[PDB]
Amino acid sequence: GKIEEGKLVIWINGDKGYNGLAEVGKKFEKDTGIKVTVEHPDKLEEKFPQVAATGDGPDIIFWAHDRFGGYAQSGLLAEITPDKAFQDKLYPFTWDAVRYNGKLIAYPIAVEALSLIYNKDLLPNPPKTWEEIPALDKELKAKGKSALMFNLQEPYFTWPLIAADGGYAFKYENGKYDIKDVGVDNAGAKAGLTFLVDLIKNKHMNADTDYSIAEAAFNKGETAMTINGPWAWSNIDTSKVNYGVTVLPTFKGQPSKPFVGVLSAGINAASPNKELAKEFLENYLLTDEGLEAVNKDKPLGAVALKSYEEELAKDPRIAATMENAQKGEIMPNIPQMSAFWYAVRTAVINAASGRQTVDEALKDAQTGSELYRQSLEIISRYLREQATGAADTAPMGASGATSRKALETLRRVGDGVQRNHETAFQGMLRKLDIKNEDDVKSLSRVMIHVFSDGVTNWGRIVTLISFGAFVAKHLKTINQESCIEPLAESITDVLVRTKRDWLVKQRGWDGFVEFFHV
């Protein structure tokens, strides 16, 4: 659990140009004598927050920007402070992708969007619409071919279709996200996912198709089309398939809307090599020669570095990438992105396999995506009204009947728990000696340990929240009212991270209201 001083360890996904990145590392070593180790572990975006929370992990982590707000919120990333001269070398919108709570939390590398990739020897002109794909598959099947194969195991690849007719993650209006307004189970999301499931039902696609299977089929000339990003072009070049890269098909006359990623490089907050990491990223990697080395291995997309992007922009494949990007949306970096992706991943897989209907699958995904914010609304309101004696007059907003009814229920059962268990609550409050915001921050680890052990039920959830209210009352009394919202956030995090799957299975807070009815 200690990052080694005087070297650099870098993590990057196994679909990216990690051999090219290692070449940049060798150049760094030639100048400095500092060895750079590039690794591409499986599930690195899940491994990183686990290991970094213990003060371990790589010095530098590469991922699309969407994961980084969660990492930064968890205190796992160093703030990035490049000088004006350096900042001005990258496009401003790329810096925007790596800004979280007003601070830069990573270096942007390149802009990624999915495109339609097609075999010109099979399909001289690609389909403009999703709706024509079934007929094209029929035509191709008579030749011993298929129309389309792409990864159905990762929702990144299916999202463009889900979003086309009106699906959305978190609503964006007036230059701001409404994190309360989730668009996973609306008519538009349903229409797109139904189209996908119908392709499967009608044997135009197979629910088991993954990245490797689709890549192999396209590169062997068995399927006429795939959906993939710039990183895939190297292996297609090697295959000698006569390919094009183009705009994704429309659905119901509307563009497919890919979620656009900015490949980014963050520095681990626990690294003792922050200056070496900055030097590597700014003066080795984010140069024309550094990016070229990575790009020659696996293409990056539209790079963040203006000078190199000027050269690459003439490539029609990059132009197509950017056309698809302009039709899509830059991913949020809010901490709830991880949960959104987990929820949608499960929905797509379950709908595609027939384990759930489209309606069932997307209802669950909606609940899972809404879970943190709805839970926080309820728990924050209860803790604060308990502490102050007065309720919050603000409207509940989205799913407001559920929030209101859950709060009403919690008032009843939670007040009962605080009364009946006053002795244990008072004893434990005194033992914990919670005085300030640092002490509140220290609670998460012990709360997880206690709460995650043993049986799962709504009663224990009430105890968790009710003791929170008991602590909040204390905090207010000792003029530490500012600690209550951080406490609420911490409790909510514990609840939703430890009980996610069970909570979704209960219909979330609707289950709670029903469980304690009368």
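Numbers follow the displayed sequence, beginning with 1. Here, rigid core means the biggest group of C-alpha atoms that superpose within 1.5 Å across both forms.
K.L.:
After fitting on the rigid core, which stretch moves more in 8 other deposited structures of this protein, 439-447 or 387-395, going by C-alpha RMS?
P.N.:
Result of the core-fitted comparison in 8 other deposited structures of this protein: 439-447 deviates more.
K.L.:
Find the stretch among 423-431 and 198-206 with the larger RMS C-alpha deviation in 8 other deposited structures of this protein, all structures being superposed on the shown form by the rigid core.
P.N.:
Between 423-431 and 198-206, the one lying farther away in 8 other deposited structures of this protein is 423-431.
K.L.:
Of the other entries that cover residues on both sides, do at least a third skip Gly175?
P.N.:
Yes: coordinates for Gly175 absent from at least a third of the compared entries.
K.L.:
Between 192-200 and 443-451, name whichever shows the higher mean Cα B factor according to the PDB entry.
P.N.:
The recorded data point to 443-451.
K.L.:
I need to verify one thing: averaged over C-alpha atoms only, is the B-factor higher for 305-313 or for 358-366?
P.N.:
Per the PDB entry, the higher value belongs to 305-313.
K.L.:
Just to confirm, going by the entry's C-alpha B-factors, which of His65, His40, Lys30, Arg460 comes out highest?
P.N.:
In the PDB entry, the greatest C-alpha B-factor among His65, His40, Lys30, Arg460 is found at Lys30.
K.L.:
Given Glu282, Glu422, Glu377, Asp185, identify the residue with the highest C-alpha B factor in the PDB entry.
P.N.:
The record points to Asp185.
K.L.:
Split the chain's modelled residues into thirds by Cα B-factor; is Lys476 in the lowest, middle or highest one?
P.N.:
Middle third.
K.L.:
Is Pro124 in the lowest, middle or highest third of its chain when residues are ranked by C-alpha B-factor?
P.N.:
Its C-alpha B-factor, which the entry lists for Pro124, ranks in the middle third among residues of this chain.
K.L.:
Quick one: classify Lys176 as lowest, middle or highest third of the chain based on its Cα B-factor.
P.N.:
Tercile = highest for this residue's CA B-factor.
K.L.:
For the chain shown, is the CA B-factor of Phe170 in the lowest, middle or highest third of its modelled residues?
P.N.:
Highest third of the chain for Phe170's C-alpha B-factor.
K.L.:
Ranking every modelled residue in this chain by its Cα temperature factor as given in the entry, which third contains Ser403?
P.N.:
Highest third, going by the recorded CA B-factors of the chain.
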